[PDB]
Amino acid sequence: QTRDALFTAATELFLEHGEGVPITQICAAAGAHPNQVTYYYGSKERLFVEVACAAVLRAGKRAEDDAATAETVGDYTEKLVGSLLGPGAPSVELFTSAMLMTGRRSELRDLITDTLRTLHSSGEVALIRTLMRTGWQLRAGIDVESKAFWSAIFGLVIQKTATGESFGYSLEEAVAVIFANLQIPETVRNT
């Protein structure tokens, strides 16, 4: 309720400006008292990590969702990768910032690790299954193929944002690296 008001304001402000957004500005945005932050989240860092985790989960589902809408397979893949690298990029990028700032606070590491396992499960059952059932051959076990897909996504988002989408990491170029990683036969793509 105020929980939700905080979460939304936090989400918008963090996605735009990163972890340095003062709490008072989130609270001003939410119509919340700074006390509700400590009540609902225990700390700013914990709000930030939860926001970052929900953002990337929601980004991954949006990509999978937008990909399910249509055949073809080449097109499912373009849609899925194009979503994560384009409109979902600030969410992936926040979650990368979150993974970097959680050294050893176990609270907080557990949110990260749970989020990572879910992204990786999600990739086995959406992308990698979409490929296998339409003809594509695993090069490694399905778990590893999901992780190869996700760590590419993380590294492409990071370098794309740092380079300002150039020096080899424009949107088109980053999409093409995922295509080269998957090397999906033309016949499979046309399904």
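Numbers follow the displayed sequence, beginning with 1.
Novice: Between 107 to 115 and 70 to 78, name whichever shows the higher mean Cα B factor according to the PDB entry.
Specialist: Higher of the two, by average CA B-factor, is 70 to 78.
Novice: From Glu64, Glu165, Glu50, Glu145, pick the one with the largest CA B-factor in the entry?
Specialist: By C-alpha B-factor in the record, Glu165 ranks first.
Novice: Sort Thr38, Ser122, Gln159, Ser151 by C-alpha B-factor from the entry and give me just the highest.
Specialist: So the option with the highest C-alpha B-factor is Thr38.
Novice: Using the B-factor values recorded in the entry, state whether the Cα atom of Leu85 falls in the lowest, middle or highest third among the modelled residues of its chain.
Specialist: Middle third.
Novice: Test of reading the entry: by CA B factor among the chain's modelled residues, which third contains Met101?
Specialist: According to the entry, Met101 has a C-alpha B-factor in the chain's highest third.
Novice: If you rank the chain by CA B-factor, which third does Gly141 end up in: lowest, middle or highest?
Specialist: It falls in the middle third of the chain.
Novice: By the record's CA B-factor, is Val56 among the lowest, middle or highest third of residues in the chain?
Specialist: It falls in the bottom third of the chain.
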